[PDB]
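Trainee: The following block contains the structure, expressed as structure tokens.
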Amino acid sequence: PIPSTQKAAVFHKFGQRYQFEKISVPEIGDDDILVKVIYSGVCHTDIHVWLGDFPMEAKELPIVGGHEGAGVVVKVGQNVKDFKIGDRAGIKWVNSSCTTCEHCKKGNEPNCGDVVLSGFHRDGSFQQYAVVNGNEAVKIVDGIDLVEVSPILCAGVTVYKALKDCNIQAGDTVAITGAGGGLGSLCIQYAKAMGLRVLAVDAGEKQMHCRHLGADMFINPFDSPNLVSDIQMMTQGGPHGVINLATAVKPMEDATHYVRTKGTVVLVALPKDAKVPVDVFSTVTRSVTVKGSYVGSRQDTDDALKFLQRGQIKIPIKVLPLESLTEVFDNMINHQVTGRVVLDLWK
Amino acid sequence: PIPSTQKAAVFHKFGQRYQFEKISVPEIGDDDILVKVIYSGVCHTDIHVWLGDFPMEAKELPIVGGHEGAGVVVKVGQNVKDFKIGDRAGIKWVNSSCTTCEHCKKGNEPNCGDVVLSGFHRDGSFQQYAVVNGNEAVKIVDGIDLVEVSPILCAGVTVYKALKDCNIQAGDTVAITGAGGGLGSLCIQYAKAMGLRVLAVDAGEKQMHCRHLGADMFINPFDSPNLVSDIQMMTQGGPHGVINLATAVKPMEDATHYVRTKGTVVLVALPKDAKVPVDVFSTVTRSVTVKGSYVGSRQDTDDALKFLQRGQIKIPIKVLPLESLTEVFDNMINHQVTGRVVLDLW
Amino acid sequence: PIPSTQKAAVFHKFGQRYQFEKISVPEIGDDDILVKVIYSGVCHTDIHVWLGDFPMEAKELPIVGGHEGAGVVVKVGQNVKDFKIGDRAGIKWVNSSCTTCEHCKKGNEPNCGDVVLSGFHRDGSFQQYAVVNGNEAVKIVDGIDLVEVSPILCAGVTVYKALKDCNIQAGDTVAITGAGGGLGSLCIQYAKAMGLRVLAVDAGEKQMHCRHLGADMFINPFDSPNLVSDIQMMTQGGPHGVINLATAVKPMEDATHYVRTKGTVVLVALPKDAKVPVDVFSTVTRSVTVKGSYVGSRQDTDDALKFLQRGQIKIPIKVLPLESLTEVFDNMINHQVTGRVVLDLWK
Amino acid sequence: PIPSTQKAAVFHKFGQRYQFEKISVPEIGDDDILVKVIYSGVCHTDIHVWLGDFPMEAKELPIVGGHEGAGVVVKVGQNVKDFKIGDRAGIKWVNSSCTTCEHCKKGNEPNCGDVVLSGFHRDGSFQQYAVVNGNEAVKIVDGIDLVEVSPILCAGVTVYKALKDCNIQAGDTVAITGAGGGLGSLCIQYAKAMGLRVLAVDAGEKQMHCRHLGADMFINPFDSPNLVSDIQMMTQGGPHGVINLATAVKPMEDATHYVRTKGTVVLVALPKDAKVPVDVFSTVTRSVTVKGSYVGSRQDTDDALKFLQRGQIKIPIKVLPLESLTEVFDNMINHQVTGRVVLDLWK
Ligand SMILES: [Zn+2]
Ligand SMILES: [Zn+2]
Ligand SMILES: [Zn+2]
Ligand SMILES: [Zn+2]
Ligand SMILES: [Zn+2]
Ligand SMILES: [Zn+2]
């Protein structure tokens, strides 16, 4: 028996308290799916949704956050055909779409005007039971633990989509800015899974961490005077691709500076008040392409999922209770993002 | 027949001034080819040859300017296979290349470390007889007036390469900034050849010229305070691709502003002191691609040349001598608006 | 005598052709003053409040616009010190200010945090009786035409302060972009009143107009190919000052190009999504200063009205009713010239 | 004790290898003065003189470079009325001026048309004996170390002049971008010497150096995602002035972003391919002024030197031989300085 009440984390207003409180269990729409989310991931966007910094409008309306959730389908709608009860499903950033849009008929559904967003426009994965469109829902393979898939739902798909947006060939050099973070570690693992020579740029103790994951090179801004020259000496002309994972505005310009001739620099993050200038003369002469990578489509999601399923990508995670999620948000204000943290909805 | 003197313009060092004086005939390289230039075009990169301002080291030694030139092959070198004597050929920006470099083997020769640039590292098109690599040369079909071919070798090719860097499908809307200029008059026509709905942004009443080159709609900076708003209103969300021919920094920033989501913004020129900012947030959300377009490849060259051959492109041009071409040149140090300027040796 | 219902133009909605409508006469403020406005001016900023274009949010409440109003005080209001019934007064863009801010003690009141703006924050001059703070209200001299003082309330003070911000010496060259516009004609007359050599830049048949205003020579973007070179030729190295009235971005960048070494380029307009780049090399070597001029101080206001009273400044206007002012609103979004407009409240 | 031959570092061609040659000692003009240059500073401007990248032309191609030199006067010309042999003298970037130009009467000699520039048009301080105009030469006090005064001749005077162009009062906040560089350290010390509150923006926490120089707050691009917001928090609305030493483009637009209302943003360097855009709306509403500071005037130079004399400003330096100067030129064509290099023209 589907329950009638659940535990969720709800903030009524921007900046307001997250509440571990009892709320009604959602009942699914005709095209939706009801998922007992057992584990949910926390990316930093949830703090930006809470702050309201994005020009977009959060539902507020007592919103439950979350865009990365793994669970089991417990109820299906009337017009849902391909899903069966007991299947594993994922709540992604793209909750639903119009599906007959210019952007929706293309391969990129999240850029539709009538997009429904988990944790922004719709109640997200921080609750025990969540509703998601069956068409945009994730097919998670049985025989892998949902705890490990939860970070893949946003971080794995995004970093994989960025590497694919680089249009890089096997053997080329890819540079990962901010490679010591969780997103960066996943970028390193995915790039090695695509047969790419990996160069890693970040400040601090990450020199050991990247090699822990297999990264072929690491560079420290703390010790290295000019990143451009050092990178271009280690890559013999610049990296064929650059992934700007750090949101600091200076690594973006450095990436644009040290990228190889005909190289591709992709922005991945969604930061505020950050701009990347570049000399038109050098952009034309080197024919570099600055590409923006948004959230991936279902096909990219399925690829990224298969990478973890086959064992190419493994991200260590710290499991925390839904009650303790409040503390987690505090860490995000202080930039204490700890690897990848996943929440057990039961606790 | 060949002469032993050829009327060209050479500097001895940086900062010196030209002259029409006949100079010794350049020997042919073994893979090179000697072409008698019948007509030659003039772009501002030749204006940038002087003063040594471009960061890439230049032939401070004696150097002949000029890059775009159409003429007849009078002789070749030791090893050449596909060329026949008497054929019509064109010299472009890329004179020769490493031919086995990473960037040269990929298919993009202009990007080698050992690139030869006509009018920078070899004698250009401002001479009567010039030597250029046969593998990087133009192949002109007979029956086409050379006066009209000269602008295709540089401006037409650059416009075609820019339009193909947009990766636009038949039917999308393309916005061209600086469409009243020569680069602009050419891009509107090349875009119309692709089945592209053309939107043009230029200042003044160069509109009628645009509109009647086949463009759907025209936008005027004088009239509009916000080009972005009008452009996004006329295209229903922004153009799928934007080609930046104007070098003003504002059109660059506007191009990134009014471009459609999943759009393609292309830089074309070799502009000094130009910078294109873009907010990372909107580039990521719109999944925008800001790409830089350099010279076209041999295949792109032939596509543009065949567009000239088949009658889809029509270009106004103006014939003046090499002997009598420092007036228009200095006028252009002041960026004199000049119809395509071709150089008839005679 | 003073009615209880008045004719006015109010757009409760941002984007509505606002209807000539009867509204309640405003309740007199405690320290404020009630002014029967007999003539009111129309500036392009009035359109932007209607458009909702400005990042600064206008009053989401019923707003009757206007920042330039000339009238007679019909009720004095409490906490007023020197205002007397029968005095002539002017409603400015700055309706009131905190008067005890870091910037308010600095002598520049419009940059206070608690600033109230006529036609934006408080009900403006398009109504029969309007409320304004006594300290920022204009002292218009009795015996002087109200129709003609109305345009000075926004254009005269602003262009005069811009010329003050050019910090130009007697005999120096000033170049005025958009000199044929409403702002521009006043700029030419004020600059000639301060002993400056006027150069005028505008498109079309306006050359005789500007030269009749006292402009020494005229340059036309329509006929002249390169404005920078021609201006530098007319001035022997560039104008000592430039005033950018047109919001077109081309003249702003050209102004930074052709301004003389050690020159001063002053921005005046309030445009949308328009940026001014400048080559760091050339701005440093030429030591040019790009300075922005916002609303004038009370001292600047009285200086400009002094110019009008003594006859140095003459404004041309077509007196129109409040009716058919929606025609001119459409004309302003139409990107089109119609001439300076002053409205008689009676009609 | 004047021989007829000296040691100098000369390059006959742009890009030529500089040579430690013996060359004839220059013959002093009647209005010139001959200074045994004992110490000479090396800033990146000399490297741009060598490259010929600047739009101007080192027209002396047979050229000994150098714009900052400290030495003893060993000979004067016929028209040198007030200088004495044994006095200390400084070779500044501005070697001489016409003294009858508009810009020369205004007090700004470097913007003269007939200006001769040390290390560019006239032989500079890289030689043992150098010639400089007696009117434009710097008066260094006897009893001060020439090695330490030499960097003030270019860095100290320039940062002092920029801080002067800010026209800031005692107690206001000034923000220094690139505060960890040599220019940055000098401006921090000068700004403290004028009674300002210094805020410093640069890379690394090793910049406790800035806190030692007197900077009141410091912000790190590494740690802080958005510098603008944090700076405005630390200054309660933005710094009253900004001094842009870094030529990176993003810091220049960021400086324009976070500068307080009615503030002054000053550009200082002479970079290539650098440009500062700014939104006209915010420049007008905030009345921000983007001003460029070129080299200082003689009054500015003596004001700056008095400060070193009194001990408020100190420039740690690495002393290198005149022979080794080629190494210094080699590094700067590649990347920035590791410190203020000064040449003992004895070695
Ligand atoms: Zn996320
Ligand atoms: Zn859609
Ligand atoms: Zn060309
Ligand atoms: Zn090659
Ligand atoms: Zn220096
Ligand atoms: Zn002078």
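Note on naming: chains are A, B, ... as they come in the structure tokens, residues start from 1 per chain, ligands start from 1 in the order shown.
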Would you pick out the contacts of stretch 252-254 of chain C at 8 Å or less, using only C-alpha atoms, so that residues sharing its chain but fewer than 2 positions from it are not included, and give the list as a VMD selection string?

Mentor: chain C and resid 227 to 228 244 247 to 250 256 to 258 276 to 278

Trainee: Contacts of stretch 176-187 of chain B at 8 Å or less, counting only C-alpha atoms, minus same-chain residues fewer than 6 places along, as a ChimeraX atom specification?

Mentor: /B:155-156,159-160,163,198-203,206-207,209-210,213,242-246,251,313,315,339-340

Trainee: Rotate and translate chain C onto chain D via least squares on all in-order Cα pairs, then write the result as a compact mmCIF listing (two decimals) with C-alpha atoms, in the first residue's frame.

Mentor:
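In the end it all went to superposed.txt:
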# COMPACT_ATOMS: atom_id res chain seq x y z
CA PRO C 1 87.82 59.42 -16.23
CA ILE C 2 84.81 59.53 -18.50
CA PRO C 3 85.59 56.74 -21.00
CA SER C 4 85.38 56.86 -24.79
CA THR C 5 83.85 53.36 -25.03
CA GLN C 6 81.20 51.93 -22.73
CA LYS C 7 79.42 48.70 -21.93
CA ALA C 8 75.71 48.87 -22.75
CA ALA C 9 72.79 46.82 -24.02
CA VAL C 10 71.68 47.78 -27.54
CA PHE C 11 69.22 46.09 -29.92
CA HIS C 12 69.83 47.68 -33.30
CA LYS C 13 67.21 45.14 -34.39
CA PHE C 14 63.68 44.95 -32.97
CA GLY C 15 63.58 41.44 -31.57
CA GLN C 16 67.23 40.64 -30.93
CA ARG C 17 68.46 39.35 -27.60
CA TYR C 18 70.55 42.49 -27.45
CA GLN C 19 74.19 41.86 -26.70
CA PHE C 20 76.10 43.38 -23.86
CA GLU C 21 78.32 45.38 -26.19
CA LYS C 22 80.75 48.25 -26.16
CA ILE C 23 79.44 51.35 -27.93
CA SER C 24 80.76 54.87 -28.28
CA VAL C 25 80.02 57.19 -25.38
CA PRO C 26 77.17 59.50 -26.46
CA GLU C 27 77.91 63.04 -27.56
CA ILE C 28 76.63 65.44 -24.92
CA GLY C 29 73.57 67.35 -26.07
CA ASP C 30 73.52 71.12 -26.28
CA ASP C 31 70.91 71.68 -23.55
CA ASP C 32 71.14 68.09 -22.28
CA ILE C 33 73.00 66.49 -19.36
CA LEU C 34 75.26 63.45 -19.11
CA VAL C 35 74.51 61.12 -16.20
CA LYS C 36 76.72 58.25 -15.09
CA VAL C 37 74.02 55.72 -14.21
CA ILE C 38 75.09 53.47 -11.37
CA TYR C 39 71.77 51.67 -11.01
CA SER C 40 68.96 51.08 -13.51
CA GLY C 41 65.49 49.58 -13.23
CA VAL C 42 63.60 47.22 -15.53
CA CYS C 43 59.88 47.65 -16.24
CA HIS C 44 57.68 45.59 -18.54
CA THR C 45 57.60 48.46 -21.07
CA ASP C 46 61.26 47.72 -21.80
CA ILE C 47 60.10 44.38 -23.21
CA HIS C 48 57.55 46.00 -25.50
CA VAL C 49 60.15 48.21 -27.16
CA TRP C 50 62.10 45.02 -27.82
CA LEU C 51 59.00 43.25 -29.12
CA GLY C 52 58.03 45.99 -31.54
CA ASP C 53 54.56 45.45 -30.15
CA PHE C 54 53.64 49.10 -29.55
CA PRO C 55 51.77 50.94 -32.33
CA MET C 56 54.10 53.85 -31.66
CA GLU C 57 57.20 53.03 -33.68
CA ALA C 58 60.33 52.88 -31.56
CA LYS C 59 63.68 54.15 -32.79
CA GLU C 60 64.67 52.04 -35.80
CA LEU C 61 68.27 53.02 -34.87
CA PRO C 62 70.67 51.40 -32.35
CA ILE C 63 68.78 51.69 -29.07
CA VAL C 64 70.02 51.05 -25.53
CA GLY C 65 66.91 50.90 -23.37
CA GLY C 66 65.80 52.22 -20.03
CA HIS C 67 63.48 54.83 -18.56
CA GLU C 68 64.46 54.45 -14.88
CA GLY C 69 68.07 55.36 -14.10
CA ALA C 70 69.86 56.70 -11.02
CA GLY C 71 73.30 58.22 -11.21
CA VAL C 72 75.63 61.15 -10.74
CA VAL C 73 76.12 63.90 -13.30
CA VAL C 74 79.74 63.65 -14.49
CA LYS C 75 79.51 66.38 -17.12
CA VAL C 76 77.16 69.30 -16.92
CA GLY C 77 76.36 70.18 -20.51
CA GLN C 78 75.69 73.53 -22.10
CA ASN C 79 72.49 75.58 -21.71
CA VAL C 80 71.95 74.12 -18.23
CA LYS C 81 70.99 76.54 -15.49
CA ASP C 82 71.29 74.92 -12.04
CA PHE C 83 72.73 71.41 -12.46
CA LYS C 84 76.09 70.95 -10.76
CA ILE C 85 78.76 68.31 -11.07
CA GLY C 86 78.32 65.73 -8.34
CA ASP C 87 74.55 66.12 -8.11
CA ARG C 88 72.53 62.93 -8.14
CA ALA C 89 69.98 62.70 -10.94
CA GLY C 90 67.35 60.38 -12.33
CA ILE C 91 66.46 59.40 -15.88
CA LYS C 92 62.68 59.16 -16.36
CA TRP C 93 60.44 57.82 -19.11
CA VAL C 94 60.03 61.39 -20.37
CA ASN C 95 63.54 62.33 -21.49
CA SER C 96 62.64 65.74 -22.96
CA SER C 97 59.67 67.74 -24.26
CA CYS C 98 58.94 70.83 -26.36
CA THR C 99 57.92 72.71 -23.16
CA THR C 100 55.80 75.15 -25.23
CA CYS C 101 52.97 72.91 -26.45
CA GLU C 102 49.28 73.21 -25.69
CA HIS C 103 49.71 70.24 -23.33
CA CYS C 104 53.24 71.15 -22.18
CA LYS C 105 52.07 74.46 -20.69
CA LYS C 106 49.15 72.50 -19.18
CA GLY C 107 51.70 70.87 -16.85
CA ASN C 108 51.61 67.40 -18.47
CA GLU C 109 54.72 67.22 -20.69
CA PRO C 110 54.63 63.57 -21.93
CA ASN C 111 51.78 64.37 -24.36
CA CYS C 112 53.81 66.83 -26.44
CA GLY C 113 54.18 66.05 -30.13
CA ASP C 114 57.96 66.58 -30.00
CA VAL C 115 58.40 64.32 -26.95
CA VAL C 116 61.57 62.23 -26.58
CA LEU C 117 61.19 59.07 -24.47
CA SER C 118 64.03 57.31 -22.66
CA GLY C 119 64.36 53.74 -23.88
CA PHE C 120 62.21 54.50 -26.93
CA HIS C 121 63.21 57.73 -28.69
CA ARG C 122 66.54 58.49 -26.97
CA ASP C 123 69.16 56.15 -25.56
CA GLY C 124 68.12 55.17 -22.05
CA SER C 125 69.67 54.12 -18.76
CA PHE C 126 71.12 50.69 -19.70
CA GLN C 127 74.33 52.44 -20.78
CA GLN C 128 77.17 53.66 -18.62
CA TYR C 129 76.63 57.33 -19.50
CA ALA C 130 73.27 58.61 -20.71
CA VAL C 131 71.88 61.90 -22.02
CA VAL C 132 68.73 63.54 -20.60
CA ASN C 133 67.11 66.97 -20.75
CA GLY C 134 67.90 68.93 -17.61
CA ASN C 135 64.32 70.08 -17.07
CA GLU C 136 62.74 66.62 -17.00
CA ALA C 137 65.59 64.98 -15.13
CA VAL C 138 65.01 63.99 -11.54
CA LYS C 139 66.55 65.77 -8.58
CA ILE C 140 67.54 62.84 -6.38
CA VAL C 141 68.60 63.86 -2.88
CA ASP C 142 72.27 63.32 -2.14
CA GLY C 143 72.89 60.82 0.63
CA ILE C 144 70.05 58.50 -0.45
CA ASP C 145 70.54 55.00 -1.86
CA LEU C 146 70.61 55.02 -5.66
CA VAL C 147 69.54 51.38 -5.90
CA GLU C 148 66.30 52.19 -4.16
CA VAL C 149 65.53 55.40 -6.02
CA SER C 150 65.85 53.65 -9.40
CA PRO C 151 62.47 51.81 -9.15
CA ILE C 152 60.63 54.98 -8.04
CA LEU C 153 61.68 56.61 -11.33
CA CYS C 154 59.03 54.56 -13.16
CA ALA C 155 56.89 52.73 -10.60
CA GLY C 156 56.69 55.23 -7.74
CA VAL C 157 55.78 58.26 -9.84
CA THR C 158 53.29 56.34 -11.97
CA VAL C 159 51.41 54.70 -9.09
CA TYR C 160 51.48 57.94 -7.10
CA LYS C 161 49.97 59.86 -10.01
CA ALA C 162 47.38 57.10 -10.47
CA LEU C 163 46.34 57.51 -6.84
CA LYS C 164 46.27 61.27 -7.46
CA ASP C 165 44.00 60.60 -10.45
CA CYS C 166 41.62 58.55 -8.33
CA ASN C 167 40.99 61.89 -6.56
CA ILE C 168 40.24 59.92 -3.40
CA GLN C 169 39.58 61.44 0.02
CA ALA C 170 41.27 60.56 3.31
CA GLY C 171 39.54 57.50 4.73
CA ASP C 172 38.00 56.31 1.46
CA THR C 173 38.47 52.78 0.13
CA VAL C 174 40.88 52.03 -2.73
CA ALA C 175 41.04 48.61 -4.41
CA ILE C 176 44.29 47.64 -6.15
CA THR C 177 44.20 44.96 -8.84
CA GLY C 178 47.46 43.10 -9.25
CA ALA C 179 48.57 44.32 -5.82
CA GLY C 180 51.25 41.62 -5.54
CA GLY C 181 53.15 42.77 -8.62
CA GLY C 182 55.94 45.31 -8.66
CA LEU C 183 53.53 48.13 -9.45
CA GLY C 184 51.07 46.78 -6.88
CA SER C 185 53.31 46.72 -3.81
CA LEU C 186 54.28 50.34 -4.41
CA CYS C 187 50.62 51.17 -4.96
CA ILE C 188 49.68 49.69 -1.60
CA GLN C 189 52.39 51.61 0.24
CA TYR C 190 51.63 54.91 -1.53
CA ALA C 191 47.87 54.56 -1.02
CA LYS C 192 48.36 53.83 2.68
CA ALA C 193 50.71 56.83 2.77
CA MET C 194 47.87 59.02 1.48
CA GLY C 195 45.55 57.79 4.24
CA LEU C 196 43.49 55.42 2.10
CA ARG C 197 41.95 52.11 3.14
CA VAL C 198 43.63 49.52 0.92
CA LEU C 199 41.95 46.44 -0.55
CA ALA C 200 44.18 44.07 -2.53
CA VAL C 201 43.25 41.74 -5.40
CA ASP C 202 45.78 39.20 -6.66
CA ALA C 203 46.24 35.47 -7.24
CA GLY C 204 48.03 33.10 -4.91
CA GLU C 205 50.15 33.30 -1.77
CA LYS C 206 50.62 37.08 -2.10
CA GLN C 207 47.97 37.85 0.53
CA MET C 208 50.41 38.02 3.44
CA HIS C 209 52.67 40.17 1.27
CA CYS C 210 49.95 42.74 0.51
CA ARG C 211 48.59 42.75 4.06
CA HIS C 212 52.13 43.31 5.37
CA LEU C 213 52.31 46.25 2.96
CA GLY C 214 49.38 47.71 4.90
CA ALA C 215 46.45 46.31 2.91
CA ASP C 216 43.43 46.15 5.21
CA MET C 217 41.98 43.01 3.61
CA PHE C 218 42.81 40.80 0.65
CA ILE C 219 40.77 39.08 -2.05
CA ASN C 220 42.12 36.24 -4.19
CA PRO C 221 40.82 35.47 -7.72
CA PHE C 222 42.30 31.99 -7.18
CA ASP C 223 40.19 31.12 -4.12
CA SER C 224 37.28 33.56 -4.23
CA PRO C 225 34.66 32.67 -6.88
CA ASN C 226 33.09 36.08 -7.53
CA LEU C 227 35.44 39.01 -6.97
CA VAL C 228 32.78 41.67 -7.59
CA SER C 229 30.42 40.45 -4.87
CA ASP C 230 33.16 39.78 -2.33
CA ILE C 231 34.76 43.20 -2.89
CA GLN C 232 31.42 44.97 -2.57
CA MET C 233 30.85 43.02 0.64
CA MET C 234 34.26 43.95 2.04
CA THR C 235 33.77 47.64 1.21
CA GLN C 236 30.02 48.09 1.91
CA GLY C 237 29.09 48.93 -1.68
CA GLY C 238 32.36 48.91 -3.61
CA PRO C 239 35.69 50.71 -3.32
CA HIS C 240 35.66 54.47 -3.76
CA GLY C 241 38.60 54.04 -6.13
CA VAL C 242 40.13 51.25 -8.19
CA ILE C 243 43.63 51.10 -9.63
CA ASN C 244 44.07 48.59 -12.46
CA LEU C 245 47.72 47.54 -12.57
CA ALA C 246 47.40 44.06 -14.07
CA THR C 247 46.94 44.08 -17.83
CA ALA C 248 44.56 41.11 -17.74
CA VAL C 249 41.24 42.27 -19.14
CA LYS C 250 39.11 40.33 -16.60
CA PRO C 251 40.22 42.54 -13.64
CA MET C 252 39.60 45.73 -15.65
CA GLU C 253 36.01 44.71 -16.42
CA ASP C 254 35.57 43.52 -12.84
CA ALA C 255 36.90 46.87 -11.61
CA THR C 256 34.19 48.63 -13.59
CA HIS C 257 31.72 46.16 -12.08
CA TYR C 258 32.56 46.44 -8.37
CA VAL C 259 33.60 50.11 -8.10
CA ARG C 260 31.25 51.97 -5.78
CA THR C 261 28.68 54.46 -7.00
CA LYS C 262 30.33 57.80 -7.84
CA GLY C 263 33.55 55.76 -7.86
CA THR C 264 36.70 56.27 -9.90
CA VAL C 265 38.42 53.50 -11.87
CA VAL C 266 41.95 54.41 -12.99
CA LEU C 267 43.91 52.55 -15.67
CA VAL C 268 47.69 52.61 -15.41
CA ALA C 269 49.15 49.85 -17.50
CA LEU C 270 50.29 50.05 -21.12
CA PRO C 271 48.80 46.83 -22.50
CA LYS C 272 48.25 45.35 -25.94
CA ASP C 273 44.96 44.75 -27.73
CA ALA C 274 43.00 45.05 -24.48
CA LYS C 275 39.72 46.97 -24.31
CA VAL C 276 37.53 48.07 -21.40
CA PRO C 277 33.78 47.89 -22.07
CA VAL C 278 31.24 49.10 -19.54
CA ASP C 279 27.45 49.08 -19.46
CA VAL C 280 26.30 52.59 -20.37
CA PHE C 281 23.29 52.12 -18.10
CA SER C 282 25.40 51.20 -15.09
CA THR C 283 28.22 53.69 -15.72
CA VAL C 284 25.64 56.48 -16.03
CA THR C 285 23.53 55.43 -13.04
CA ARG C 286 26.61 54.77 -10.90
CA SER C 287 28.30 57.88 -12.41
CA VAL C 288 31.60 56.01 -12.54
CA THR C 289 34.59 57.58 -14.28
CA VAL C 290 37.05 55.38 -16.15
CA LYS C 291 40.17 57.55 -16.19
CA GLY C 292 43.58 56.73 -17.62
CA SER C 293 46.82 57.67 -15.87
CA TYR C 294 49.99 58.06 -17.92
CA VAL C 295 53.38 59.35 -16.64
CA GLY C 296 53.50 61.89 -13.82
CA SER C 297 54.61 65.50 -13.90
CA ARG C 298 57.76 66.80 -12.23
CA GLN C 299 55.70 67.85 -9.20
CA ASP C 300 54.42 64.28 -8.94
CA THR C 301 57.98 62.98 -9.35
CA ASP C 302 59.30 65.03 -6.45
CA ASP C 303 56.29 64.06 -4.32
CA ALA C 304 57.04 60.35 -4.86
CA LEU C 305 60.76 60.77 -4.19
CA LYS C 306 59.82 62.72 -1.05
CA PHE C 307 57.84 59.68 0.07
CA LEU C 308 60.86 57.44 -0.47
CA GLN C 309 63.27 59.79 1.31
CA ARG C 310 61.03 60.19 4.36
CA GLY C 311 60.63 56.40 4.51
CA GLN C 312 56.94 56.02 3.69
CA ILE C 313 57.75 53.89 0.61
CA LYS C 314 60.15 50.94 0.60
CA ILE C 315 60.99 49.03 -2.57
CA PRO C 316 62.47 45.51 -2.59
CA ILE C 317 65.01 44.70 -5.27
CA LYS C 318 67.54 42.09 -6.26
CA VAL C 319 70.61 43.87 -7.59
CA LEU C 320 71.75 42.10 -10.77
CA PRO C 321 74.38 42.78 -13.44
CA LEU C 322 73.47 44.10 -16.85
CA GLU C 323 74.43 40.57 -17.85
CA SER C 324 71.78 37.87 -17.48
CA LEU C 325 69.17 40.59 -17.91
CA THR C 326 68.23 38.77 -21.10
CA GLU C 327 67.13 35.96 -18.83
CA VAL C 328 64.62 38.39 -17.31
CA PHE C 329 63.57 39.62 -20.77
CA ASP C 330 62.61 36.07 -21.75
CA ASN C 331 60.95 35.70 -18.35
CA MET C 332 58.79 38.73 -19.09
CA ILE C 333 57.53 37.41 -22.41
CA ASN C 334 57.18 34.06 -20.59
CA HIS C 335 54.32 35.61 -18.57
CA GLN C 336 56.11 34.96 -15.30
CA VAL C 337 57.10 36.73 -12.08
CA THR C 338 60.76 37.23 -11.09
CA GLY C 339 60.77 40.28 -8.80
CA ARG C 340 61.90 43.88 -9.02
CA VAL C 341 65.35 44.14 -10.61
CA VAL C 342 68.02 46.85 -10.44
CA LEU C 343 71.28 46.70 -12.40
CA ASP C 344 74.70 47.97 -11.32
CA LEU C 345 76.47 49.40 -14.38
CA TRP C 346 79.84 48.26 -13.03
CA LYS C 347 78.80 44.63 -13.36

Trainee: Please run DSSP on the backbone and report, as number ranges by chain, all residues within stretch 108-312 of chain A that come out as strand (DSSP E).

Mentor: A: 116-117, 129-133, 138-140, 173-177, 197-201, 217-219, 241-244, 264-267, 289-292

Trainee: For C-alpha atoms, I'd like the residues from the last selection saved as a short mmCIF file (atom, residue, chain, number, x, y, z; two decimals), in the first residue's frame.

Mentor:
data_model
loop_
_atom_site.label_atom_id
_atom_site.label_comp_id
_atom_site.auth_asym_id
_atom_site.auth_seq_id
_atom_site.Cartn_x
_atom_site.Cartn_y
_atom_site.Cartn_z
CA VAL A 116 9.43 21.27 -15.84
CA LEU A 117 12.50 21.13 -13.61
CA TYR A 129 7.91 9.55 -2.96
CA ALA A 130 8.35 11.73 -6.04
CA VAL A 131 6.56 12.11 -9.38
CA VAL A 132 8.44 12.31 -12.68
CA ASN A 133 7.51 12.15 -16.36
CA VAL A 138 15.85 7.44 -16.17
CA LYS A 139 16.08 3.71 -16.87
CA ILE A 140 18.37 2.45 -14.09
CA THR A 173 44.61 15.78 -24.42
CA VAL A 174 41.76 17.08 -22.27
CA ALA A 175 42.35 19.58 -19.47
CA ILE A 176 40.03 19.56 -16.45
CA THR A 177 39.90 22.77 -14.42
CA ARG A 197 44.99 11.80 -22.13
CA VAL A 198 43.96 13.71 -19.01
CA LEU A 199 45.61 16.85 -17.67
CA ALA A 200 44.25 18.22 -14.39
CA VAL A 201 44.43 21.77 -13.03
CA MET A 217 48.93 14.94 -15.32
CA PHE A 218 48.16 17.47 -12.60
CA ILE A 219 49.00 21.17 -12.32
CA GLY A 241 39.89 20.02 -25.22
CA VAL A 242 39.28 21.96 -22.01
CA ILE A 243 36.51 21.39 -19.47
CA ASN A 244 35.94 24.47 -17.30
CA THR A 264 37.53 23.29 -27.81
CA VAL A 265 36.87 24.96 -24.44
CA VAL A 266 33.52 24.02 -22.90
CA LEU A 267 31.86 25.84 -20.03
CA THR A 289 35.40 27.12 -30.11
CA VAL A 290 33.89 28.16 -26.77
CA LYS A 291 30.90 25.88 -26.28
CA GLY A 292 28.34 25.90 -23.50
#
